[PDB]
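What follows is one structure encoded as structure tokens, with my remarks underneath.
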Amino acid sequence: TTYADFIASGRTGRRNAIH
Amino acid sequence: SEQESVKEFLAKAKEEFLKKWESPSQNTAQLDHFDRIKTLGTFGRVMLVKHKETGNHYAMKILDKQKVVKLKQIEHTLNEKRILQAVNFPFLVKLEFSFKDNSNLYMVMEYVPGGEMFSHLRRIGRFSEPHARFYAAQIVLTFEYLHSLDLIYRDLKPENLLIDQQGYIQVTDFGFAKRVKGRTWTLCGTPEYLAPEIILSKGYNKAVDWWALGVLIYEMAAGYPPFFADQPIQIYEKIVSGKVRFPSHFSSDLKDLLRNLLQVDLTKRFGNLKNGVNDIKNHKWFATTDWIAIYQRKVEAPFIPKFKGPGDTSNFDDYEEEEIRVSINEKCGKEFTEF
Ligand SMILES: COC(=O)c1cccc2cnccc12
């Protein structure tokens, strides 16, 4: 499932800004 | 005589903002007015502090001047403080004091004890559509306000949206906010939330905030963002592709709103057409939204965060504590003269 793929991904924590 | 119009309301907001924009407050407290309690989040960090004279709790953002210079964020930091001290809206966090010392810049804001939307959203998985709509409506009104002042916000995400004791949103982190008429060019934001025209280095305008609202609504209602991957470059490839997939549980109204906010052609994007924000406010997905009642904060919120008293931080994660060191020599004084 898409949800399972998100939860296993590396970007489920707080996301830093970029600049 | 006649009741006030939206145009008259926004004109009043602009006059109020411009007075503070043109004559910013400076140096309105100092560090030893406060007791340091705990780090709430992390060029610096935000700390829960207690004001000695009043006993009020505040959130104090501390920025290391040398790290700001090294990260090339000087002008962005000057933007942040100049804008935050001039705005006034029910869903924008209030700056109470600002000051600087030899080492740091300080922005002391109202303490919003309910924690980040991010925390609640990840824990519960996803919000119901009525719940997501309640939060989205506050962002729609907030961007209507900000954009009328020629401000672009540029960092919408659940991490920056704090929940107050009434269950309403407080927007924090104006680090990329900028007052601009026409277009600007800085590659900044958070990868998941960048509009295609930012990625493509085209020049862009306030329509990037409406794209970001589409990302936020999608993430609130799905529990994951519309474009995700393990590396930002793969996120960017998905964003510019023009393709979005929707959960089967999304209503038809939600999908229609999102196809118009997550519209890669900024000239066709809701919020950026001739009717402006009213194309969003009048959309079917918002048909149950009483915009005046949201603005007046008289709508019952989907939930109220747990609160154990003043100074309670149970709705925030724990962070490693580090001492606040102030050098005996002034750093970067010239750069931050107007702060
Ligand atoms: C990481 O930032 C925060 O946690 C934060 C930032 C700005 C204002 C606030 C107000 N009450 C709680 C937290 C905050």
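Order determines the names: the first chain of the structure tokens is A, the second B, and so forth; residues in each chain are numbered 1 upward, and ligands are numbered 1 upward as they are shown.
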
query = Mind listing the residues within 6 Å of ligand 1, only C-alpha atoms and all ligand atoms counted, as a VMD selection string?
reply = chain B and resid 40 to 42 46 59 109 to 113 172

key: Counting only C-alpha atoms, chain B residues within 8 Å of chain A, as a count of residues only   = 14

request  = Apply DSSP to the backbone of this structure and, from chain A, keep only the residues in alpha helix (DSSP H); write these as a ChimeraX atom specification.
outcome  = /A:2-7

Using only N, CA and C atoms, please write the residues we just selected to a file, as a short mmCIF file (atom, residue, chain, number, x, y, z; two decimals), in the first residue's frame.
data_model
loop_
_atom_site.label_atom_id
_atom_site.label_comp_id
_atom_site.auth_asym_id
_atom_site.auth_seq_id
_atom_site.Cartn_x
_atom_site.Cartn_y
_atom_site.Cartn_z
N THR A 2 0.30 2.37 -0.49
CA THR A 2 1.04 3.62 -0.49
C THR A 2 1.39 4.04 0.93
N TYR A 3 0.45 3.86 1.87
CA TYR A 3 0.73 4.16 3.27
C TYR A 3 1.92 3.34 3.78
N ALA A 4 1.93 2.03 3.51
CA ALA A 4 3.06 1.22 3.96
C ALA A 4 4.37 1.71 3.35
N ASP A 5 4.34 2.14 2.08
CA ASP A 5 5.56 2.62 1.45
C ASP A 5 6.02 3.93 2.08
N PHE A 6 5.08 4.79 2.47
CA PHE A 6 5.49 6.01 3.17
C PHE A 6 6.11 5.70 4.52
N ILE A 7 5.46 4.83 5.32
CA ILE A 7 5.91 4.57 6.69
C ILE A 7 7.29 3.91 6.69
#

message = Taking 4 positions as the minimum chain separation for residues in the same chain, which residues sit within 7 Å of range 27-29 of chain B when counting only C-alpha atoms? Answer as a list in words.
response = residues 33, 97, 98 and 99 of chain B

Limited to N, CA and C atoms, could you put the picked residues into a file as a PDB file, in the first residue's frame?
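This went into result.pdb:
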ATOM      1  N   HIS B  33      15.698  38.636  31.622  1.00  0.00           N
ATOM      2  CA  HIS B  33      14.297  38.775  31.988  1.00  0.00           C
ATOM      3  C   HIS B  33      13.582  37.435  32.062  1.00  0.00           C
ATOM      4  N   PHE B  97       8.503  39.852  22.195  1.00  0.00           N
ATOM      5  CA  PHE B  97       9.730  40.620  22.363  1.00  0.00           C
ATOM      6  C   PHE B  97      10.751  40.158  21.333  1.00  0.00           C
ATOM      7  N   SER B  98      11.715  41.028  21.038  1.00  0.00           N
ATOM      8  CA  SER B  98      12.911  40.618  20.314  1.00  0.00           C
ATOM      9  C   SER B  98      14.095  41.422  20.838  1.00  0.00           C
ATOM     10  N   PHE B  99      15.282  40.830  20.746  1.00  0.00           N
ATOM     11  CA  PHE B  99      16.518  41.484  21.167  1.00  0.00           C
ATOM     12  C   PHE B  99      17.686  40.650  20.655  1.00  0.00           C
TER      13      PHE B  99
END

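Taking CA of residue 50 in chain B as the reference point, CA of residue 311 in chain B is found at 8.1 Å.
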
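You will find CA of residue 139 in chain B at 8.5 Å from CA of residue 171 in chain B.
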
ask   = Can you tell me, as a VMD selection string, what residues are no more than 9 Å from residue 297 in chain B when counting only C-alpha atoms, ignoring any on the same chain fewer than 6 positions away?
value = chain B and resid 90 166 168

task = Determine which residues of range 51-297 of chain B receive a DSSP assignment of strand (DSSP E or B), computed from the backbone, and state them as a ChimeraX atom specification.
result = /B:51,57-64,92,95-100,104-110,116,151-152,161-163,169-171,178-179,184,189,204

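For the atom pair formed by CA of residue 160 in chain B and CA of residue 247 in chain B, the distance is 24.7 Å, given to one decimal.
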
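The smallest atom-to-atom distance between residue 158 in chain B and any of B:199, B:18, B:105, B:215, using only C-alpha atoms, is found for B:215.
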